[PDB]
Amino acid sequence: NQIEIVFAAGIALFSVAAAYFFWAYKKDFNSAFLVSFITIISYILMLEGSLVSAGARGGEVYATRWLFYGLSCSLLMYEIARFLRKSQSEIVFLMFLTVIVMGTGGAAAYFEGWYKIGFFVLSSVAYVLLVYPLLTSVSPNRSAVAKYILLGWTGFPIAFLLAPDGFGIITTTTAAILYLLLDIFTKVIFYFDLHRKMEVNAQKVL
């Protein structure tokens, strides 16, 4: 129905994003390229539709989006935590909480009843412990990254609760469109805005 158009739009946008990020940025470790490329793979699988599950109020759930975030958001968390000049051990810790948040989030979306509630509570506890050291960072770059944590990262659990993954108050297509806007904001706009600042900060403490 309309959902294939949402997924097809995500494949095209992140294919353009991955192509730009590779050519425009330095030919070395390119997190921006890897994040968009992983997202392309995730949208193709969601478009194939073999991994769709029943959601709330007659909606559907694509829990593999949450599993692919664990790989792509750990790369984002690496850039974010390094931008705030967290210690190496704190970076490793935050990247683990991110994998935990997405992993339990996919389980919360796929399962039902008290298991959806329990996995959501666990994922939100790990999320609270993930963003607390970032929102209270003494770094001067803290305000520059709070816009992406508060608007983008925290928009997903809210979308989750409204989507068929949670209470199913919005339909599956509306959730996919809102997920896509959140993806563009946290994966593409995030680099258009902060790449050079992150690049300069990284050539000074490495």
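Residue numbers here begin at 1 and follow the sequence given.
Stretches 22 to 30 and 168 to 176 differ in mean CA B factor, with 22 to 30 having the higher one. When the CA B factors of the chain's modelled residues are split into thirds, the value for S50 lands in the highest one. Per-chain ranking of the deposited C-alpha B factor places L181 in the middle third.
For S42, the recorded CA B-factor ranks within the lowest third of the chain. Only modelled residues enter the ranking. In this PDB entry, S124 carries a Cα temperature factor that places it within the middle third of its chain's modelled residues. Per-chain ranking of the deposited C-alpha B factor places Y110 in the lowest third.
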